[PDB]
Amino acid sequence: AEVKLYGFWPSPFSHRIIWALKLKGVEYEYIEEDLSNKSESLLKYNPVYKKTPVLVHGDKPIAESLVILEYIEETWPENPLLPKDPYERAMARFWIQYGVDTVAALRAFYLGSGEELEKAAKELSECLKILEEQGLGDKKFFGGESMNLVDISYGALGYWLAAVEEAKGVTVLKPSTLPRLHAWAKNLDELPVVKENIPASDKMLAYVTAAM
(Lines of atoms letter the chains of each structure in order from A and count residues from 1; the text may use other names and numbers.)
(Lines give C-alpha, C1' and ligand atoms only; values in the text may rest on other atoms or scores of the structure.)
Protein backbone atom coordinates (compact mmCIF):
# COMPACT_ATOMS: atom_id res chain seq x y z
CA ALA A 1 0.00 0.00 0.00
CA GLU A 2 0.74 3.73 0.24
CA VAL A 3 1.59 3.41 -3.40
CA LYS A 4 -1.17 3.01 -5.98
CA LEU A 5 -0.81 2.44 -9.68
CA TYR A 6 -3.59 3.13 -12.11
CA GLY A 7 -2.84 0.99 -15.14
CA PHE A 8 -4.04 -0.59 -18.36
CA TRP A 9 -3.22 -4.32 -18.62
CA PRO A 10 -1.75 -4.56 -22.11
CA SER A 11 0.12 -1.31 -22.07
CA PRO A 12 3.90 -1.22 -21.98
CA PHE A 13 3.62 2.22 -20.42
CA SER A 14 2.03 0.59 -17.42
CA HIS A 15 4.35 -2.44 -17.43
CA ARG A 16 7.37 -0.19 -17.24
CA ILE A 17 6.15 1.13 -13.94
CA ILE A 18 5.45 -2.28 -12.52
CA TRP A 19 8.97 -3.38 -13.40
CA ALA A 20 10.51 -0.37 -11.70
CA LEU A 21 8.44 -0.87 -8.53
CA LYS A 22 9.38 -4.55 -8.42
CA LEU A 23 13.07 -3.74 -8.86
CA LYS A 24 12.69 -1.32 -5.94
CA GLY A 25 10.78 -3.79 -3.77
CA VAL A 26 7.92 -1.29 -3.40
CA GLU A 27 4.49 -2.73 -2.60
CA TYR A 28 1.66 -1.18 -4.62
CA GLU A 29 -2.08 -1.44 -5.11
CA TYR A 30 -2.80 -2.00 -8.81
CA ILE A 31 -6.02 -0.50 -10.16
CA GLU A 32 -7.13 -1.54 -13.64
CA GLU A 33 -8.71 1.27 -15.62
CA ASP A 34 -11.40 0.81 -18.26
CA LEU A 35 -10.22 3.39 -20.72
CA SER A 36 -13.68 3.69 -22.19
CA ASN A 37 -15.18 4.27 -18.81
CA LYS A 38 -12.58 6.15 -16.85
CA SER A 39 -12.88 6.20 -13.14
CA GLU A 40 -13.41 9.41 -11.24
CA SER A 41 -10.18 8.71 -9.46
CA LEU A 42 -8.23 8.64 -12.71
CA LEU A 43 -9.79 11.83 -13.97
CA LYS A 44 -9.08 13.43 -10.68
CA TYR A 45 -5.43 12.37 -10.47
CA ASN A 46 -4.54 13.05 -14.15
CA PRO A 47 -6.79 15.90 -15.29
CA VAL A 48 -4.30 17.08 -17.93
CA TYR A 49 -4.06 13.85 -19.92
CA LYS A 50 -6.75 11.54 -18.44
CA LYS A 51 -4.59 8.54 -19.28
CA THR A 52 -2.85 5.73 -17.53
CA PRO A 53 -0.46 5.17 -16.08
CA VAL A 54 -0.65 7.20 -12.90
CA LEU A 55 1.26 6.57 -9.72
CA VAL A 56 -0.20 7.91 -6.49
CA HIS A 57 2.08 8.19 -3.50
CA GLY A 58 0.60 9.48 -0.28
CA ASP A 59 -2.40 10.77 -2.21
CA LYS A 60 -0.12 12.74 -4.56
CA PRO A 61 -0.25 11.84 -8.25
CA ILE A 62 2.55 11.48 -10.76
CA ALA A 63 1.55 11.00 -14.39
CA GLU A 64 3.51 10.21 -17.57
CA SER A 65 5.57 6.99 -17.47
CA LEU A 66 8.91 8.65 -18.00
CA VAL A 67 8.25 11.13 -15.19
CA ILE A 68 6.99 8.33 -12.91
CA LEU A 69 10.15 6.30 -13.52
CA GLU A 70 12.37 9.25 -12.55
CA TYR A 71 10.23 9.82 -9.45
CA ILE A 72 10.60 6.17 -8.43
CA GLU A 73 14.38 6.34 -8.88
CA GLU A 74 14.66 9.48 -6.76
CA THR A 75 12.17 8.41 -4.09
CA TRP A 76 13.59 4.89 -3.53
CA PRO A 77 17.30 5.34 -4.35
CA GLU A 78 18.55 1.89 -3.27
CA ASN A 79 19.17 -0.29 -6.28
CA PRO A 80 19.79 2.64 -8.57
CA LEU A 81 18.24 2.51 -12.02
CA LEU A 82 20.30 5.54 -13.09
CA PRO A 83 24.07 5.98 -12.79
CA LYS A 84 25.81 8.53 -10.58
CA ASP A 85 27.98 10.30 -13.13
CA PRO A 86 26.12 13.28 -14.71
CA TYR A 87 27.40 12.47 -18.21
CA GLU A 88 26.29 8.83 -18.01
CA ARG A 89 22.94 10.00 -16.59
CA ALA A 90 22.60 12.36 -19.55
CA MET A 91 23.31 9.50 -21.95
CA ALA A 92 20.58 7.46 -20.26
CA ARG A 93 18.16 10.37 -20.64
CA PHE A 94 19.26 10.90 -24.23
CA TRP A 95 18.41 7.32 -25.18
CA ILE A 96 15.13 7.52 -23.28
CA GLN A 97 14.28 10.61 -25.35
CA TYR A 98 15.20 8.65 -28.49
CA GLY A 99 12.36 6.40 -27.31
CA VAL A 100 10.07 9.11 -28.70
CA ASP A 101 11.48 8.47 -32.18
CA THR A 102 11.24 4.72 -31.56
CA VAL A 103 7.59 4.91 -30.46
CA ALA A 104 6.79 6.86 -33.63
CA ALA A 105 8.49 4.23 -35.79
CA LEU A 106 6.67 1.48 -33.89
CA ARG A 107 3.41 3.26 -34.48
CA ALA A 108 3.86 3.56 -38.20
CA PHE A 109 4.68 -0.15 -38.35
CA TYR A 110 1.73 -1.05 -36.23
CA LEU A 111 -0.60 0.88 -38.51
CA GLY A 112 0.79 0.02 -41.85
CA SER A 113 -0.44 -2.18 -44.59
CA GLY A 114 0.76 -2.87 -48.08
CA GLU A 115 3.59 -0.80 -49.38
CA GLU A 116 3.17 1.34 -46.27
CA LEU A 117 3.97 -1.53 -43.98
CA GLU A 118 7.05 -2.40 -45.94
CA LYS A 119 8.27 1.14 -45.66
CA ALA A 120 7.47 1.39 -42.00
CA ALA A 121 9.22 -1.89 -41.30
CA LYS A 122 12.27 -0.58 -43.02
CA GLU A 123 12.24 2.68 -41.12
CA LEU A 124 11.74 0.85 -37.83
CA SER A 125 14.71 -1.37 -38.63
CA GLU A 126 16.84 1.72 -39.31
CA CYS A 127 15.65 3.30 -36.04
CA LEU A 128 16.56 0.16 -34.11
CA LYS A 129 19.98 -0.12 -35.81
CA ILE A 130 20.95 3.29 -34.43
CA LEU A 131 19.74 2.28 -30.96
CA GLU A 132 21.78 -0.92 -31.16
CA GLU A 133 25.01 0.51 -32.58
CA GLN A 134 25.14 3.82 -30.71
CA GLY A 135 23.04 3.15 -27.61
CA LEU A 136 23.41 -0.48 -26.50
CA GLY A 137 26.78 -1.20 -28.09
CA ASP A 138 28.44 -4.35 -26.75
CA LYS A 139 26.86 -4.01 -23.29
CA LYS A 140 24.67 -6.75 -21.86
CA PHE A 141 22.10 -4.15 -20.77
CA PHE A 142 21.70 -0.47 -21.49
CA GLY A 143 22.62 -0.21 -17.82
CA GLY A 144 25.78 -2.24 -18.34
CA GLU A 145 25.71 -5.38 -16.20
CA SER A 146 22.19 -4.74 -14.82
CA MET A 147 19.03 -3.02 -16.02
CA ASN A 148 18.63 0.73 -15.80
CA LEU A 149 15.72 3.00 -16.72
CA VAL A 150 16.73 2.73 -20.40
CA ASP A 151 16.34 -1.05 -20.33
CA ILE A 152 12.94 -0.55 -18.71
CA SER A 153 11.90 2.00 -21.33
CA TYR A 154 12.85 -0.26 -24.24
CA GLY A 155 11.72 -3.56 -22.75
CA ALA A 156 8.63 -3.57 -24.99
CA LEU A 157 10.93 -4.31 -27.97
CA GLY A 158 10.68 -7.91 -26.75
CA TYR A 159 7.25 -9.19 -25.78
CA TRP A 160 5.21 -6.31 -27.23
CA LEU A 161 6.95 -5.83 -30.58
CA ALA A 162 7.02 -9.62 -30.95
CA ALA A 163 3.22 -9.70 -30.65
CA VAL A 164 2.85 -6.85 -33.16
CA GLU A 165 5.24 -8.62 -35.54
CA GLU A 166 3.17 -11.81 -35.36
CA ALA A 167 0.02 -9.79 -36.02
CA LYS A 168 1.56 -8.05 -39.05
CA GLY A 169 3.32 -11.15 -40.39
CA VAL A 170 6.54 -9.13 -40.58
CA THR A 171 9.52 -9.43 -38.22
CA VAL A 172 11.72 -6.34 -37.86
CA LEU A 173 13.80 -7.19 -34.78
CA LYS A 174 15.58 -10.25 -36.00
CA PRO A 175 18.88 -11.84 -35.08
CA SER A 176 20.41 -11.69 -38.56
CA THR A 177 20.05 -7.91 -38.92
CA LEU A 178 20.16 -6.80 -35.24
CA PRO A 179 22.09 -9.54 -33.46
CA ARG A 180 23.03 -7.51 -30.38
CA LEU A 181 19.63 -5.86 -29.93
CA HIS A 182 17.82 -9.14 -30.51
CA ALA A 183 20.00 -10.90 -27.93
CA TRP A 184 19.41 -8.06 -25.47
CA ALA A 185 15.62 -8.22 -25.93
CA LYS A 186 15.60 -12.00 -25.55
CA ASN A 187 17.73 -11.88 -22.40
CA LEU A 188 15.48 -9.20 -20.92
CA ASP A 189 12.36 -11.19 -21.80
CA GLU A 190 13.77 -14.17 -19.83
CA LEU A 191 14.50 -12.13 -16.69
CA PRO A 192 12.00 -13.08 -13.96
CA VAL A 193 11.20 -9.44 -13.17
CA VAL A 194 10.09 -9.02 -16.79
CA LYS A 195 8.66 -12.49 -17.45
CA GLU A 196 6.50 -12.45 -14.31
CA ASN A 197 5.16 -8.98 -15.10
CA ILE A 198 3.98 -9.03 -18.70
CA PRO A 199 0.76 -10.49 -20.11
CA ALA A 200 0.68 -14.03 -21.45
CA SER A 201 1.69 -14.17 -25.10
CA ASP A 202 -1.67 -15.32 -26.35
CA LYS A 203 -3.44 -12.54 -24.56
CA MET A 204 -0.90 -9.99 -25.83
CA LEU A 205 -1.28 -11.16 -29.43
CA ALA A 206 -5.07 -11.26 -29.13
CA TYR A 207 -5.11 -7.67 -27.90
CA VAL A 208 -2.90 -6.14 -30.60
CA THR A 209 -4.75 -8.10 -33.29
CA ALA A 210 -8.10 -6.81 -32.13
CA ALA A 211 -6.81 -3.26 -31.99
CA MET A 212 -5.72 -3.65 -35.55
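Residue indices: 1-based, along the sequence shown.
Q: Could you check the entry and say whether 105-113 or 133-141 has the higher mean CA B-factor?
A: Stretch with the greater average CA B-factor: 105-113.
Q: For the C-alpha atoms alone, is the average B factor greater in 148-156 or in 47-55, going by the entry?
A: Of 148-156 and 47-55, the stretch with the higher C-alpha B-factor average is 47-55.
Q: Test of reading the entry: by CA B factor among the chain's modelled residues, which third contains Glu73?
A: Bottom third by C-alpha B-factor.
Q: C-alpha B factor of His15, ranked within the chain: lowest, middle or highest third?
A: Its C-alpha B-factor belongs to the lowest third of this chain's values.
Q: Sorting the chain's modelled residues by C-alpha B-factor, tell me whether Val194 ends up in the lowest, middle or highest third.
A: Answer is lowest: the recorded C-alpha B-factor places it there.
Q: What third of its chain, lowest, middle or highest, does the C-alpha temperature factor of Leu181 fall into?
A: Within its chain, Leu181 is a lowest-third residue by C-alpha B-factor, going by the deposited values.
Q: Give the position of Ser39 by CA B-factor within its chain, expressed as the lowest, middle or highest third.
A: For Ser39, the deposited C-alpha B-factor lands in the highest third.
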